[PDB]
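Participant: Okay, handing you the structure first.
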Amino acid sequence: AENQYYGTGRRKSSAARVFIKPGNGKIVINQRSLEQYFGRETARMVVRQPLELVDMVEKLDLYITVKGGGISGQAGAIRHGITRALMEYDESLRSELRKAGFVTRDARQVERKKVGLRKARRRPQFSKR
Amino acid sequence: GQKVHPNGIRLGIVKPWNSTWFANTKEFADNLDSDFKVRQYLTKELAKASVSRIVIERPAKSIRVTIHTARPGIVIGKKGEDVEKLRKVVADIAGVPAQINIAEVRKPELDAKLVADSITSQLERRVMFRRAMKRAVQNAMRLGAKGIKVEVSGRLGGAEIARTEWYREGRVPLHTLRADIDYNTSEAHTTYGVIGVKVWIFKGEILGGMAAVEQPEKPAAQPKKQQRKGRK
Amino acid sequence: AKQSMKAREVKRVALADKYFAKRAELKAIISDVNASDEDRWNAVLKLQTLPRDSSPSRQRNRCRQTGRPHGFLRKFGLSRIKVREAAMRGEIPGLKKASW
Amino acid sequence: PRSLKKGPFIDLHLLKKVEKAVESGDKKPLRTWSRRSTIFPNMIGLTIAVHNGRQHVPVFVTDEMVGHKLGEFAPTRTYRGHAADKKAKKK
Amino acid sequence: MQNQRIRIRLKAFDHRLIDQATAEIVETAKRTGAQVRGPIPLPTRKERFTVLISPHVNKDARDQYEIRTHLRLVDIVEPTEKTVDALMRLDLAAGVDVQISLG
Amino acid sequence: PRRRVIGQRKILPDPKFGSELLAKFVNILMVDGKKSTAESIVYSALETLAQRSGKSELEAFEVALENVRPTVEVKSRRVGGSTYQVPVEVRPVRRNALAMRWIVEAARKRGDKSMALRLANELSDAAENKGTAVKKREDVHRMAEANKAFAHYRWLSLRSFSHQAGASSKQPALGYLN
RNA sequence: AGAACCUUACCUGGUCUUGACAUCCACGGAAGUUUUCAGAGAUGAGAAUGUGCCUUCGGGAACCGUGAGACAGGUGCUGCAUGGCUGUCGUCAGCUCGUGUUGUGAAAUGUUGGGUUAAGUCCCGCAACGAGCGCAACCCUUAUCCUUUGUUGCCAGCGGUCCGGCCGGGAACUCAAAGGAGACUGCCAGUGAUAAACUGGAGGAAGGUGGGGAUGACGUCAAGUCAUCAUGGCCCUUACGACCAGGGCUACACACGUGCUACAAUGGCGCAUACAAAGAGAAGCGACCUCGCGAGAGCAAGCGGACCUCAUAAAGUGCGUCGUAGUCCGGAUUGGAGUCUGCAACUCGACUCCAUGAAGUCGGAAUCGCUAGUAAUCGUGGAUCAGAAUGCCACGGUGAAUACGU
């Protein structure tokens with residue numbers, strides 16, 4: 001039992017911290033408004049796509065803090081982060097969101113820049129003759 | 001001739017360094033050049049003893065030497081005068097006054113460096129060396145361990161080319177990241193120029209001999225562990 | 001390389017370090033805008049023939065073990081080739097192979 | 001163009017030779033190696049023989065050169081013309 | 001939040017040595033005093049070096065080295081003169097330097 | 001060649017509509033790794049398509065993607081002193097990827113003052129089978145209908161199967177001469 | 001890995017020879033410090049402080065000059081004379097150690113056949129047997145996830161409250177560095193020669209030795225370093241030594257390897273706007289401060305580092321603006337002043353901005369990397385670092401086509 005239930009929104013090594021509870025459908029993103037953060041952007045439709053799918057736009061209340069990523073990318077991280085937090089309206093919720101893929105952590109991990117190579121795999125370029 | 005040198009990749013897990021001190025970044029060169037000076041001059045005075053390792057350690061206001069030998073008494077010399085002259089030139093070399101303790105003596109008759117020293121002497125003295133390396137390998141596997149590699153170089157027999165030869169027997173892993181495995185390359189001179197022996201020896205695939213602590217903080221150490229969670 | 005050229009490089013570097021710490025705000029005081037119709041005096045700058053060697057512009061250090069120029073590393077007091085030789089032999093505290 | 005910032009230069013090499021040469025008004029070409037060094041009012045009417053790395057070249061000091069260095073008049077490098085390569089240095 | 005009263009810091013190259021010395025301090029501080037905390041791990045530093053691998057040439061192949069430096073904070077809320085005495089008698093570590101100086 | 005069977009990456013439906021056909025499209029719309037712009041360039045494009053006909057946003061997109069579609073590719077596999085050509089059937093996944101690739105190559109030269117307008121306009125033409133990638137479909141089909149004459153190293157391969165307790169017919173499997 | 005001078009292997013100019021520097025010996029001077037002037041500076045002439053150290057009280061040593069020797073010194077030559085060490089093939093999928101047999105023996109065999117793998121992995125099996133190397137693994141690192149600390153970290157709620165972890169205070173929460181949890185083609189299904197193994201199934205972050213890395217056999221290749229560093233042969237030792245300065249490798253005839261950034265409009269510009277990671281900083285950077293067109297400047301709280309700063313992180317986002325005209329892209333060159341790091345900005349270092357103002361519109365021969373956090377693309381810090389990154393190292397942002405076929 002808790003004041004807000006919580007999802008960690010881990011997507012491509014960026015983290016959306018996301019606190020869910022029952023209310024009237026309200027958003028706070030980065031101690032500010034949606035207008036400020038995602039101003040005139042498709043990014044508002046990213047975070048809404050899973051919330052429209054379980055049909056609870058006007059029912060879920062939220063508080064959102066996020067570090068790392070690109071702005072279009074942060075919205076993408078939140079889109080898993082809200083569904084990580086949702087687990088207890090019903091028991092099956094976290095199963096069916098994982099099955100829709102919005103619990104699922106981005107299983108591709110970084111590759112180091114390698115020594116003697118100009119990138120991660122990119123071996124040098126030489127015409128030398 | 002491929003592969004990284006065998007002790008340099010093992011230092012982050014279960015193998016010690018040949019030196020361990022701390023100098024707070026800015027002074028790390030001043031400590032390294034002085035640590036290299038103790039290695040170079042100290043072992044040079046004890047040339048006449050027999051030695052497997054040198055382990056250098058720096059607490060506050062002290063340099064403490066650990067030294068590894070074929071037997072406990074070789075480095076002590078008569079009534080402690082020989083080892084006091086050793087602590088004499090360390091205090092002189094280092095920026096602090098000097099300490100020395102002798103380590104545990106362990107597997108000294110098959111040990112990497114006490115074997116390599118032993119092989120280099122044969123060549124030094126222009127002895128025939130017809131079996132000498134093959135018997136090095138044999139005696140080492142007769143005294144302990146699980147595998148050995150010996151590679152011998154220095155113009156074998158008096159050839160006017162480079163001419164190496166080698167022998168490995170039992171299990172000697174090459175890409176291993178776990179356990180200490182003991183390697184030494186000796187350098188020494190003879191009539192036709194410089195010679196050298198490479199001794200890789202492998203005692204076991206697991207050694208526990210340096211690790212991070214066993215436990216999470218709460219079950220380790222102090223009974224009353226709990227934080228206030230405010231209360232400045 | 002040669003030992004005369006190494007002997008020279010080593011003599012520049014202890015006076016570089018010696019003089020330049022004490023000159024840290026002196027550059028601003030004797031030379032730049034804080035010396036507005038102030039200092040700029042021939043009578044303190046006829047003293048600079050010993051300090052030609054003691055200059056920050058000669059605080060390139062090079063090797064502490066060998067005195068050899070170019071490719072230096074101040075944190076070991078060694079250079080590329082000579083760090084590796086020592087790292088092989090375990091001489092340097094904390095030094096390991098990287099994997100990640 | 002690049003300049004000398006804010007600070008004061010008299011050059012150590014020139015200073016002891018120039019004091020004793022202005023007392024003469026002018027004397028014999030001053031064996032000078034300091035081709036890093038600027039020209040100053042104190043030096044107007046002197047003759048500075050400026051080592052270029054192989055030998056000295058005499059530089060006549062006068063008001064139209066005081067914006068300028070002893071190393072700008074005394075050469076180093078060579079420009080290869082390409083009828084046939086160049087033997088000589090150019091002032 | 002807290003304001004740092006005094007800074008107790010352990011700085012080391014060896015990852016294992018700092019972990020043994022902090023745990024010892026945490027005990028010493030409880031064995032001679034009443035107001036201790038579990039040692040904050042504090043973030044570890046890493047410096048990056050790349051060097052040649054052959055003595056001469058072989059530019060492609062290179063070699064890459066890490067040196068780790070581990071920092072612990074402990075955060076005793078109040079050190080007893082006895083905590084500082086005990087710490088200083090039972091010191092023996094080499095891979096770490098402990099600073100009881102502040103900054 | 002090749003020790004074992006290897007898979008492929010999979011595109012996963014886009015965040016504004018829930019379509020794999022949209023998410024594969026924006027991916028081939030990506031220029032210098034800058035996807036958040038190629039996103040705006042797709043969503044504005046899809047809205048311009050809704051002003052041309054409002055019953056669906058994809059109206060011209062879907063039908064361009066049938067009409068400029070390749071069915072065939074040309075490969076070459078030597079017969080002695082000559083190379084020749086042998087036509088091959090493409091899988092739907094590459095059939096599409098070729099079409100989408102020609103559609104954006106065609107959008108980048110229309111010269112109009114924003115790519116959202118260019119891409120809506122090159123789909124509007126390529127939908128009627130009037131645009132730029134009709135030619136690319138026709139040329140690749142003219143070689144594929146013509147070059148049905150030649151086949152892959154027939155004379156020795158046919159024997160290389162007949163002797164290894166294979167059939168009197170060419171076996172489509174690794175490290176055999178086919 | 002940061003070649004003005006020092007950086008010097010090169011080259012030119014001054015100058016001495018037990019020699020820059022150590023040990024050992026003889027004579028004079030303490031070494032050290034401070035200071036004018038000739039000479040580039042070495043060096044020389046004079047001034048002033050001191051007369052330490054040990055003591056047959058003679059005299060010596062430390063150090064400096066002078067001299068005798070022993071001797072230092074040398075990127076000085078030789079890579080088919082070497083050692084130390086490392087590159088290639090190549091992640092080939094093979095290679096070797098102990099032993100027996102078969103041949104007269106070189107040598108074979110194993111190390112080869114079929115099926116399969118990342119694999120000497122595994123089913124079957126022959127005079128190859130027994131076993132190791134590569135590979136598999138522990139391994140670091142990432143990733144969820146369990147797990148603890150709870151600050152210089154964090155803040156669902158609560159107090160002071162502009163509702164900012166600033167602080168009273170709080171553990172739901174990432175979050176740091178670390179014990180580690182999980183995954184084994186093991187399971188169950190299909191396939192597959194019985195079989196290894198592949199692919200599906202399912203719970204989970206994840207199925208394919210979970211991502212990534214470490215990782216690379218014996219060793220030919222006559223690979224390459226005497227120049228980190230060791231060293232015989234082998235040369236100078238009034239020097240292939242050494243004090244002191246200026247010049248160069250970054251020239252200029254040109255060709256050529258590499259990368260950056262641009263050639264647009266998916267973009268460039270202005271104004272406005274958002275979130276990083278990781279690490280470095282005491283000769284240094286640095287809030288606020290006042291000054292300047294700007295660059296910068298002078299002053300200065302502060303900074304062992306999740307304490308302060310580097311830092312405005314950019315790409316991305318908003319709005320308006322631009323039309324193939326080298327422009328509304330791109331803005332290079334150079335005169336001139338203002339500025340910087342430095343006793344020196346001229347050939348070999350950094351920037352502003354005034355005046356004027358070009359090449360480049362996707363590039364011929366040539367030419368390379370990639371199976372996925374990869375390729376592609378953007379910015380940041382660090383190693384070096386007086387000045388100077390297009391580079392290197394690594395970090396975090398954004399992130400693709402397809403793998404039918406040999």
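Chains: A, B, ... in order of the structure tokens. Residues: from 1 per chain. Ligands: from 1, in order shown.
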Within 12 Å of chain C, which residues belong to chain A? Use only C-alpha atoms and report them as a list in words.

Facilitator: residues 109, 110, 111, 112, 113, 114 and 115 of chain A

Participant: List every residue of range 12-52 of chain D that DSSP, applied to the backbone of this structure, places in strand (DSSP E), and write the result as a list in words.

Facilitator: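 Filtering range 12-52 of chain D down to strand (DSSP E) leaves residues 30, 31, 32, 47, 48, 49, 50 and 51 of chain D.
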
Participant: Convert the current residue selection to file output with N, CA and C atoms, as a PDB file, in the first residue's frame.

Facilitator:
ATOM      1  N   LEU D  30      76.311  44.600 -34.986  1.00  0.00           N
ATOM      2  CA  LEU D  30      76.193  43.930 -33.702  1.00  0.00           C
ATOM      3  C   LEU D  30      75.779  42.512 -33.904  1.00  0.00           C
ATOM      4  N   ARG D  31      76.742  41.652 -33.577  1.00  0.00           N
ATOM      5  CA  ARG D  31      76.574  40.209 -33.706  1.00  0.00           C
ATOM      6  C   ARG D  31      75.430  39.794 -32.820  1.00  0.00           C
ATOM      7  N   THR D  32      74.260  39.600 -33.464  1.00  0.00           N
ATOM      8  CA  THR D  32      72.982  39.368 -32.781  1.00  0.00           C
ATOM      9  C   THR D  32      72.448  37.999 -33.299  1.00  0.00           C
ATOM     10  N   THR D  47      72.841  49.222 -36.290  1.00  0.00           N
ATOM     11  CA  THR D  47      73.064  48.211 -37.301  1.00  0.00           C
ATOM     12  C   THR D  47      73.183  46.885 -36.565  1.00  0.00           C
ATOM     13  N   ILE D  48      72.182  46.054 -36.745  1.00  0.00           N
ATOM     14  CA  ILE D  48      71.986  44.797 -36.087  1.00  0.00           C
ATOM     15  C   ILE D  48      72.321  43.688 -37.084  1.00  0.00           C
ATOM     16  N   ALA D  49      73.401  42.869 -36.890  1.00  0.00           N
ATOM     17  CA  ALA D  49      73.725  41.811 -37.751  1.00  0.00           C
ATOM     18  C   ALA D  49      73.063  40.558 -37.196  1.00  0.00           C
ATOM     19  N   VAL D  50      72.100  40.044 -37.955  1.00  0.00           N
ATOM     20  CA  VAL D  50      71.133  39.105 -37.502  1.00  0.00           C
ATOM     21  C   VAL D  50      71.439  37.703 -38.095  1.00  0.00           C
ATOM     22  N   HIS D  51      71.998  36.765 -37.232  1.00  0.00           N
ATOM     23  CA  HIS D  51      72.162  35.397 -37.526  1.00  0.00           C
ATOM     24  C   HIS D  51      70.899  34.796 -38.060  1.00  0.00           C
TER      25      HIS D  51
END

Participant: Would you kindly report the residues of chain G within 8 Å of chain C, using only C-alpha atoms (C1' of nucleotides), as a ChimeraX atom specification?

Facilitator: /G:1,6-9,20,73-75,140-141,212-214,228,242,283,297-298,342-343,384,386

Participant: Find the spatial neighbours of residue 84 in chain F, counting only C-alpha atoms (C1' of nucleotides), within a cut-off of 12 Å - ignore same-chain residues fewer than 5 positions away - and output them as a PyMOL selection string.

Facilitator: chain F and resi 74-79+143+146-153

Participant: Pick the closest to residue 7 in chain B from B:177, B:57, B:203, B:191: which is it, counting only C-alpha atoms?

Facilitator: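 So, comparing all the options, the nearest one is B:177.
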
Participant: Considering only C-alpha atoms (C1' of nucleotides), return as an MDAnalysis selection string whatever protein or nucleic-acid residues lie within 12 Å of residue 44 in chain E, sequence-local ones (same chain, fewer than 3 positions apart) excluded.

Facilitator: (chainID E and resid 10:15 18 40:41 47 67:73) or (chainID G and resid 176:178 278:279 305:306)

Participant: Measure the distance from CA of residue 150 in chain B to CA of residue 207 in chain B in Å and round it to one decimal.

Facilitator: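 So the answer is 22.4 Å.
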